[PDB]
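Shown below, as structure tokens, is a lone chain in the form deposited in one PDB entry; questions about how it binds or moves come after it.
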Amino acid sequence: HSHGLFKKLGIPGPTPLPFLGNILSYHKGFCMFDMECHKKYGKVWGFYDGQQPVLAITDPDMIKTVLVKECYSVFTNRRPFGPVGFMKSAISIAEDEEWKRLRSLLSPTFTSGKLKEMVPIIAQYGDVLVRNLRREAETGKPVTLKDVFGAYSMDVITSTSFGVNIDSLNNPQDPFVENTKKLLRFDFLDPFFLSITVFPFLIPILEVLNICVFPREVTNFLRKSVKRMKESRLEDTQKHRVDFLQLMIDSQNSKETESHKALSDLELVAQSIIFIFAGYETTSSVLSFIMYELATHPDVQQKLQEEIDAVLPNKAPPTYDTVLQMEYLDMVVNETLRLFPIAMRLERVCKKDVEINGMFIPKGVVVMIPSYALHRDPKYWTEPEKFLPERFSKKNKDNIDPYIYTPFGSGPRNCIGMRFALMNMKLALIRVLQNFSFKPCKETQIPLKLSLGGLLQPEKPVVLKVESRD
């Protein structure tokens, strides 16, 4: 049907099969498929997710035109991916004027001033993470990275979102923990999402049956939990709060909002759920990738510890202002996010026929930016498969195009939790690297292989040795 669009436009790409399209080439994952297409078809190519045409662009000026210049007019929304129910109101999934209103109401929640008031909360569980790591390091047994960092990530979320203080690693069956730990990333290559891709006409059938990709038992638990909190926080009003929930509760009074608009009780819960979803498995994945590189590159881990002890002597606790002063820490995070951009791709839907930078894009075509393929392009990065934090030093960081290196996207629809996630991971790294040093063991995959699913995660869970400093 549509499997002749890119042929008439003179656009190269893999030859699509009927019904399926190009989904069969996903057997090596999204990342490998983008790398192969880039090497075989050049600067632009086209493929099909079932019937949906997708045009991949690599020109930085063209990427800027899609993500920045033509955002509000042409490339405003992301691709609909399945039955979302009321989670259609999540700012990541929202569309058109609905997204712009949510982006206006939610942007003051993520200012650097509001984050600084959240720093003492995040640093508290950095000390909790250390204590839980001291107990495991004294056993001498190797530590699974996803477990200790998923627990830290969960501790920060429950406290920064709703002011609920739990030690997730040691209280694993708290009803608040047991449900929030079910908010796992979406494997768009699993049997269900592949079937939704081949049968996109079945999505309206699943929506009327109230079938949601998010667990309905988990969403109901949070909708009732937020309701009880909003009622309870109306009594204990004199306690000044700083968590994400109260910033959204206060923003529900349009008379005190800079946008002169108000948040819905339905929308507020939707963002609270998507904030947990966006921060839980993502923060632990990046922190695990970082610690793998530091352990497999002891010179980088030592130099990072030397900078930390220089900025924070005598195991001084990390603060907001001191984390910004650590540049090699910023270079370790940035270089890891280059090798592992967990978003893999950036997508926008074309709302109307447009010709940008000398190329005609039809209406309804999903324009995709291959972040993983561009982060490892040997044209822009020398020895791209190597972990070299010096690429982001103050000397060479100016040679980095903001549209080739897009770990948090770009434009008005960039990651709204970029500064928070950067501050959260850095606070964890400082406390962890102050007290510990991470070494490989025989059960560590020294040549790290990545999973072939739809998630940018290690094939085998990263496991390392923890040894106490002094």
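Just so we're on the same page, rigid core means the largest C-alpha set that superposes within 1.5 Å between forms. The first residue of the sequence shown is number 1, and the count goes up from there.
Keep in mind the form deposited in another entry is missing from the figure; the text below concerns it.
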Fit the core first: which of 363, 386, 395, 224 then shifts its CA by 2 Å or more between this form and the one not shown?
224
Flag for residue 344, CA shift 2 Å or larger between this form and the one not shown after aligning core:
no
Following rigid core alignment, is the displacement of the residue 140 C-alpha between this form and the one not shown equal to or greater than 2 angstroms?
no
Please check if residue 182 moves between this form and the one not shown, taking a CA shift of 2 Å or more relative to the superposed core as movement.
yes
Direction of C-alpha distance change in the other entry, residue 177 to residue 284 (at least 3 Å)
closer
Note on residue 416-residue 187 C-alpha separation in the other entry, which departs from the shown form by 3 angstroms or more
farther
